[PDB]
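Take a look at this one chain, the form deposited in one PDB entry, written out in structure tokens.
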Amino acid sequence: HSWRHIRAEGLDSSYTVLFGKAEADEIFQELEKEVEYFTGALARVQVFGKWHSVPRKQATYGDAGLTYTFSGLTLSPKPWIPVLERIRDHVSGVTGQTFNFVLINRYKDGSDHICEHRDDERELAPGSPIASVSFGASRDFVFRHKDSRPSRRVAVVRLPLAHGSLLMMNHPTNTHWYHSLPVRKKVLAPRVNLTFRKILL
């Protein structure tokens, strides 16, 4: 109910803290114990003509039959597990939005990262928001306008994403802005991030 609003041209996002420390810690410990991450062939992506192992771990859970493809990699959902349904249900309650798929990214420390991109794949429902819930170490998240990488002097938006927090990325954020989690060498602890999405069957 108290949201920090993050707005610029084409940028509509909202940030809030959902869980206090003790609850967040408990959810984190459960995610650590319960989440199974893809390995090997399901952990390699193709970008700029080259194949790379992803510098983090990824997992996908969601309703049966759906798929999510990005960067030459196709991920299939594992069935929902209790800790994930709990988070999904809490997020639906607070936002009034629904989700049928989640991508989980785990950054073991500040050297694990994710390069900039847009979540704009064809199989995301038009106009649907992405809910980004974070546990573990706080890490800086960066929004960058697509015509500044240059054409326009539009400033980056930076914010720390804290333990137990929710970042709502609403349309049209993903049409107009790239996001990333840059390397932060001083961060030593892991971070687990869940991005709940609505996927087209």
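Residue positions are given as counts along the sequence shown, with the first one as 1.
Unshown form solved in complex with a small molecule; subsequent notes refer to it.
For the three marked residues, 111, 184 and 189, no heavy atom of any sits within 4.5 Å of the small molecule in the deposited bound form. Not displayed here, the small molecule is kept clear of residue 28 by more than 4.5 Å at the level of heavy atoms in the deposited bound form. The small molecule in the deposited bound form is not approached by residue 100, whose heavy atoms all lie more than 4.5 angstroms from it. Shown alone here, residue 161 lies within 4.5 Å of the small molecule in the deposited bound form, counting heavy atoms only. Looking at residue 193, you'd find a heavy atom of it within 4.5 angstroms of the small molecule in the deposited bound form.
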